[PDB]
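Peer 1: Can you keep this structure in mind? I'll have questions shortly.
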Ligand SMILES: Nc1ncnc2c1ncn2[C@@H]1O[C@H](COP(=O)(O)OP(=O)(O)OP(=O)(O)O)[C@@H](O)[C@H]1O
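Chains as they are written, first to last, in UniProt numbering: chain S, 36 to 259; chain G, 36 to 87; chain P, 88 to 173; chain R, 260 to 345.
This is the structure in structure tokens:
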């Protein structure tokens, strides 16, 4: 007769499992706040805790308590046989989940950069006819370098913002869409452009690397 | 037979293996982004996961 | 609640003058197993609380944290206008 | 996140995206409330269609605000009602 003690130990395990799960979820939420994604191994552990449903056996044991008045006879011993093995079936899983979630050390991983990240989406008027012209070359134009020119304030930059944001709506074969502001100076502030490209290519920023060496590196990186 | 319990643990292992494989592939993709090549021992491990 | 068994053991002390009597063996049998039932739990609690290394976690920021709540007069009408837009 | 940013006492037009704040749009539930002394600044920050004017306090509420600012003995000179005093 071990059920009377094992079920008591299950209650300790259940209340401890809710404490470990609370620590993990709070730890994971601190990772999603940094725009990271919950670690796949933690996500599997969390999904097993959710699916456990320890309240199911609790109700089943609660009915056996009402049958426990004369459970010695074979009429009520039928329920006691299942519970005596069902508690151990959920106790080991609960204890295994205790020592797994208590052993986590990293809870999130930084996702790969998006194909195209959204840019400021202001309300635009009458830009459909020009955006159609720009797409007609980008989809079909023979030359791979496309130039757009116009007087100041006509809408060149806003065209890029609506063009870049439009790419994430359609389907395209391209892998990275980089928006670079060369307007910063006429002196070509090279370091900040390479920062934008490297950050957009999921590359580490080796600060002390010379500009000429990085330029050779980015040519190989962007060529892939 | 003992099959009823073993197959249940296989489902746990399969869903955990897909999680470990996802972590490795994401870790490898962060290496190919630096123009590195996937490590030969990892490539063997990945190829065994696919073939499973 | 370790004081519960202490009182239960305290009554057996008064019966301890003839503890070998089969009538008082009913109480002595329970105490001899109830002490072990609470001793292992007490010792397990020792090695758990002696092993903790972190004791608190920083809670997530509140949805809205209170700002200086001074006494305000006649601000109900304007605050109603602001909510009617919000 | 569905944020609400209360932008207090802006004195010049500034770009939200350069400070990190995304400008809320119709597709998003987020709001952004800014206060300023100048209607020109609120127009420059694209708040023209939701402008609220913070008017001065009413005649009655301006008095009981003044009453709460006086000391206990001083207030007792101007508090009394029914009778009228200079
Ligand atoms: N179709 C449009 N509808 C509404 N506003 C527009 C439209 N096109 C441009 N604008 C406005 O034009 C303003 C001027 O900035 P914009 O990005 O258009 O400049 P630009 O054409 O790149 O010129 P430059 O870089 O030489 O100053 C922006 O604040 C933007 O709101």
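Think of the CB as a built atom: it goes at the ideal place given N, C-alpha and C, for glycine as much as any other residue.
Step through the CB atoms of chain S and report whether any lies within less than 9 Å of the CB of residue 281/R.
Peer 2: The count along the fourth chain starts at 1 and reaches residue 281/R at position 22. Yes, because at least one Cβ of chain S sits closer than 9 Å to the Cβ of residue 281/R.
Peer 1: Going by DSSP in three states, residue 280/R sits in which element: helix, strand or coil?
Peer 2: Walking along the fourth chain from the start, residue 280/R turns up at place 21. Here residue 280/R sits in coil by DSSP.
Peer 1: Using a Cβ cut-off of 9 Å, which residues of the segment 125–148 of chain S contact any Cβ in chain P, in chain order?
Peer 2: Hits within the stretch: zero.
Peer 1: Enumerate, from N- to C-terminal direction, the unbroken alpha helix (DSSP H) stretches of 4 or more residues contained entirely within the segment 97–183 of chain S.
Peer 2: With a minimum length of 4 residues, the continuous alpha helix (DSSP H) runs that stay inside the segment 97–183 of chain S are 109–136 and 163–175.
Peer 1: Going by beta carbon distance, what residues of the same chain come within less than 8 Å of residue 112/P, once the five residues before and after it are set aside?
Peer 2: Position 25 of the third chain, counted from the first residue, corresponds to residue 112/P. Same-chain partners within the cutoff: 106.
Peer 1: Can you check whether the CB of residue 153/S is closer than 9 Å to the CB of residue 58/G?
Peer 2: Here residue 58/G corresponds to residue number 23 of the second chain, with the count starting at 1. Here residue 153/S corresponds to residue number 118 of the first chain, with the count starting at 1. For residue 58/G and residue 153/S, no; Cβs fall outside 9 Å.
Peer 1: Do you know whose CA, among 169/S, 186/S, 232/S and 187/S, lies nearest residue 179/S's CA?
Peer 2: Taking the first residue of the first chain as 1, we reach residue 179/S at position 144. Ranking 169/S, 186/S, 232/S and 187/S by Cα distance to residue 179/S puts 169/S first.
Peer 1: So, is the C-beta of residue 69/S closer than 9 Å to a C-beta in chain R?
Peer 2: Counted from its first residue, the first chain places residue 69/S at position 34. No - not a single Cβ of chain R is within 9 Å of the one on residue 69/S.
Peer 1: Can you name the start and end residues of the beta strand (DSSP E) that residue 55/S belongs to?
Peer 2: Against the first chain, residue 55/S aligns to sequence position 20. Here residue 55/S belongs to no beta strand (DSSP E); instead the alpha helix (DSSP H) covers 38–67.
Peer 1: Please list, in chain order, the residues of the segment 39–63 of chain G that have any C-beta partner in chain S closer than 7 Å.
Peer 2: Cβ contacts with chain S: 50, 51, 54, 55, 57, 58 and 61.
Peer 1: Are any of the Cβ atoms in chain R nearer than 9 Å to that of residue 156/S?
Peer 2: Taking the first chain and counting its residues from 1, one reaches residue 156/S at position 121. Yes, its Cβ sits closer than 9 Å to a Cβ of chain R.
Peer 1: Determine whether the beta carbon atoms of residue 60/G and residue 81/G lie at a separation below 9 Å.
Peer 2: Translated into positions along the second chain, residue 60/G becomes position 25. Translated into positions along the second chain, residue 81/G becomes position 46. Taking 9 Å as the Cβ cut-off, residue 60/G and residue 81/G qualify as a contacting pair.
Peer 1: Where do the N-terminal and C-terminal ends of the beta strand (DSSP E) with residue 191/S fall, by residue?
Peer 2: Start at 1 with the first residue of the first chain, and residue 191/S comes out as number 156. Counting along the chain, residue 191/S falls outside any beta strand (DSSP E), though it belongs to the alpha helix (DSSP H) covering 191–202.
Peer 1: Can you tell me the Cα-Cα spacing of residue 233/S and residue 288/R, whole angstroms?
Peer 2: To locate residue 233/S, count along the first chain from 1; it is residue 198. To locate residue 288/R, count along the fourth chain from 1; it is residue 29. Each residue's Cα considered, the two are about 33 Å apart.
Peer 1: Taking beta-carbon pairs under 9 Å, can you tell me which members of the segment 161–173 of chain S lie near chain G?
Peer 2: Per Cβ criterion, the list is empty.
Peer 1: Considering only the beta carbon of each residue, do residue 142/S and residue 63/S sit closer than 9 Å?
Peer 2: As a working note, residue 142/S is residue 107 in the first chain. As a working note, residue 63/S is residue 28 in the first chain. Contact flag set, yes.
Peer 1: If we count the other Cβ atoms within 10 Å of its Cβ and call it buried at 16 or more, is residue 125/S buried or exposed?
Peer 2: To locate residue 125/S, count along the first chain from 1; it is residue 90. Buried, by the Cβ-count rule.
Peer 1: Excluding the 5 residues preceding and the 5 following residue 265/R in the sequence, name in chain order all residues of the same chain whose CB lies nearer than 6 Å to its CB.
Peer 2: For the purposes of this step, residue 265/R is taken as the residue at position 6 of the fourth chain. Counting only Cβ-Cβ distances below 6 Å, and skipping sequence neighbours, we find 292.
Peer 1: Using the beta-carbon of each residue, find all residues closer than 7 Å to any heavy atom of ligand 1 and list them in chain order.
Peer 2: Any residue whose Cβ sits closer than 7 Å to a heavy atom of ligand 1 makes the list: 157/S, 158/S, 159/S, 160/S, 161/S, 162/S, 185/S, 187/S, 188/S, 189/S, 190/S, 191/S, 192/S, 193/S and 218/S.
Peer 1: Residue 48/G to residue 136/P, Cα distance in whole Å?
Peer 2: As a working mapping, residue 48/G is identified with position 13 in the second chain. As a working mapping, residue 136/P is identified with position 49 in the third chain. Cα to Cα, the separation comes out at about 34 Å.
Peer 1: Below 8 Å on C-beta distance, what does residue 276/R contact in chain S?
Peer 2: Mapped onto the fourth chain, residue 276/R falls at position 17. Here the neighbours are 155.
Peer 1: Going by the DSSP bridge assignment, what does residue 248/S pair with across the sheet?
Peer 2: To locate residue 248/S, count along the first chain from 1; it is residue 213. Note: residue 248/S sits in no beta bridge, so no partner.
Peer 1: Comparing C-alpha positions only, which one of 284/R, 318/R, 290/R and 320/R sits nearest to residue 155/S?
Peer 2: As a working note, residue 155/S is residue 120 in the first chain. Looking at the Cα atoms, 284/R is the closest of the given residues.
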